[PDB]
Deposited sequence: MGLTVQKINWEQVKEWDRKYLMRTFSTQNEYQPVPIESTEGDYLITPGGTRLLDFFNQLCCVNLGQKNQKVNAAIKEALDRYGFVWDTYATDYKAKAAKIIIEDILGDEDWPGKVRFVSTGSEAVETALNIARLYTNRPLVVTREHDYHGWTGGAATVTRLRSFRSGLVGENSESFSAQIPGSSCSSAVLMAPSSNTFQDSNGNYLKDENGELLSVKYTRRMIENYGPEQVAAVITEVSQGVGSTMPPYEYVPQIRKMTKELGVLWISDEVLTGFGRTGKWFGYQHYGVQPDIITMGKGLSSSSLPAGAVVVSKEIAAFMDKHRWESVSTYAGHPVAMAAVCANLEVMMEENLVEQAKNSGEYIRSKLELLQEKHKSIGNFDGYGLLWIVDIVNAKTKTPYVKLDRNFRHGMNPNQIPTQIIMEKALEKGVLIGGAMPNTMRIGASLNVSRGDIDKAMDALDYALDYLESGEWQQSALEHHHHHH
C-alpha cells in the first residue's frame, strides 16, 4: 500500500522546488508509466507529448530494457571506469560499429552519467585537442546546467538563476557567471533567411567574422544544436552544411550537441545526418538510454582519439560507465536497431507534418511549424496581429504570470483531454513523443491541440 497523501506532504516539505515557489506549487504525483502514457495514483492515464523532456525515445518502461537491467543486476554491482565490463565495451562498439558504422570519422567513446557531464567532457577534449581556450556557442542554445555546459547555454531563463512569482522584482543570475563567444542563432537575420550573395547565411558569415576577429588560433570549437531543443528552433537547411564548411576552413572543431536530437528523435540516428556533414565530436544523453537509467556519452573522431590516446588523462567521474547503466544502453540501442525505430520515427514525422498542415489551415494562431521524426516546433502567434503574444520571446524569464504565456494556456487546456503538450518557450511548442508512438495517440494529441487553440484564439483567458 502506498500512502499518496503522505508522499505529497513529504514532496512539498522536503524537496527543493524548481520553477515554482513553494507557495504556488501543487505536487503532481505519477504512480507508473508505460508507452507514451503516465498513470496518476488515481488511475488517470495521461498521454505524454512532451515525452518528459524528449528523452524517452523507446517508450516508457520497455519490457526488453527492464529485463536486461534485471539480468545485469545478477552480476553487478558497481566498478568504476578503470575496470572493463562486457556492457561498457559492448555499448561503445554498438555506437561505433553498428549505429555509426557507415561513417568513418568516429574513433572512441567516453561514457558519463548525464548530458551535462557529456557537454563538460567534450568542451574539455576540444580545448585540450586544439590547445585553445575559446568555444563558440549560439544565442538561445541550451547545452546543460553544470558550470562548463552552462557557459555555452544562452537562455537567460535556464541558467539556474532565480525569478520572483509573477514579478520582475526578485531575480538574480548566479553571481560571477568566460572563454565563451556567442554567435548569432541560425534563426537570426530574416525578412526568408538573409544571405551574402555568395549564398552564405548572414548568421554563418558573422559567425566567421567573430572567429576571425578573435583569431582562429584562439578558438577551439563551435558547439551547436542542429535543432535547438529547449530554445525550440529549426534551422534553415543550409545552416548546418555552412557551419561545417566554415569551421573546417578556419581549422576549428565542430561539436554537434546531440543530447536531444540523438537516437532516432529526428527520423535519423542523429540530427546532423540530415545534412550530409560529419562532426568532430558528438555529445549524447536522453535517447542514449531512453532515460531507463542515467547515461551520457561523447564520441570523438579518430584524430582526436589518436591524440588523447598518446597521453594519461587525469580525469575521474565516480559513476562514469556504471555497468548497470551500460547494460541499459545496450538493450535500448539493440531494441532501436532490431525494431527499426529510426524509420518508424521518420514515418510518424510525416504523418505529424500533415496533421500540422490541417491544424495550420484551421488555426490562425499557428504562425509557422517545422520539425521531423518526433521533434516538432510550433510557433504561436496572436491570430489578429500575426505576431507573438510575448514580446521577449526566447529572452523571457519565468518571472511572468503563467496565464499570459500562450504555451502555458495551451498546456492547461490540452490537459482537460488527458493530453500533455506545450513547450519550454513562451510562444513556441516543443512537441515530442516516443519513436513508436501510435497513430491513435498522435490523433488524440492533435485533437487536444485543436481544442486548446480554439480556446486560445477565443480570448476568454485575458
Inset, instruction - Walk along the deposited sequence from position 1 and note every stretch that has no C-alpha coordinates. - result: 1-6, 184-186, 201-203, 475-485
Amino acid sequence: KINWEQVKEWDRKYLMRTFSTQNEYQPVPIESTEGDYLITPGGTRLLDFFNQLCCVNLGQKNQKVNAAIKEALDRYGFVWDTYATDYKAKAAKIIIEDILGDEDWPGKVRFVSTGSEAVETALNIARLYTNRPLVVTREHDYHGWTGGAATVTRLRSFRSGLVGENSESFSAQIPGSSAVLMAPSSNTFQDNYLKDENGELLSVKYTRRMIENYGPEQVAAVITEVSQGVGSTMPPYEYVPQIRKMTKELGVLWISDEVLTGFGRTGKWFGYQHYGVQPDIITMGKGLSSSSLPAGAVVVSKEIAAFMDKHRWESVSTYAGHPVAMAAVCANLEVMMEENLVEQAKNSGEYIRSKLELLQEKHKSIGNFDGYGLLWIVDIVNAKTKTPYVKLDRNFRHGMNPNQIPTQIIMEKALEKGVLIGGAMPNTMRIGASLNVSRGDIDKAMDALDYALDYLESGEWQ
From here on, numbers count along this sequence of modelled residues.
Inset, instruction - Check the entry's C-alpha temperature factors for 195-203 and 310-318, then say which stretch has the higher mean. - result: 195-203
Legend entry - Given 166-174 and 120-128, the range whose Cα B-factors average higher in the PDB entry: 166-174
Legend entry - For residue 395, the third of its chain into which the C-alpha B factor falls: lowest
Inset, instruction - Name the third of the chain's ranked CA B-factors that contains residue 419, choosing lowest, middle or highest. - result: highest
Inset, instruction - Please rank the C-alpha B-factors of the chain's modelled residues and tell me whether residue 372 sits in the lowest, middle or highest third. - result: middle
Inset, instruction - Grab the CA temperature factor for residue 425 from the record and place it in the lowest, middle or highest third of its chain. - result: lowest
Inset, instruction - Sort the modelled residues of this chain by their C-alpha B factor and say whether residue 351 lands in the lowest, middle or highest third. - result: highest
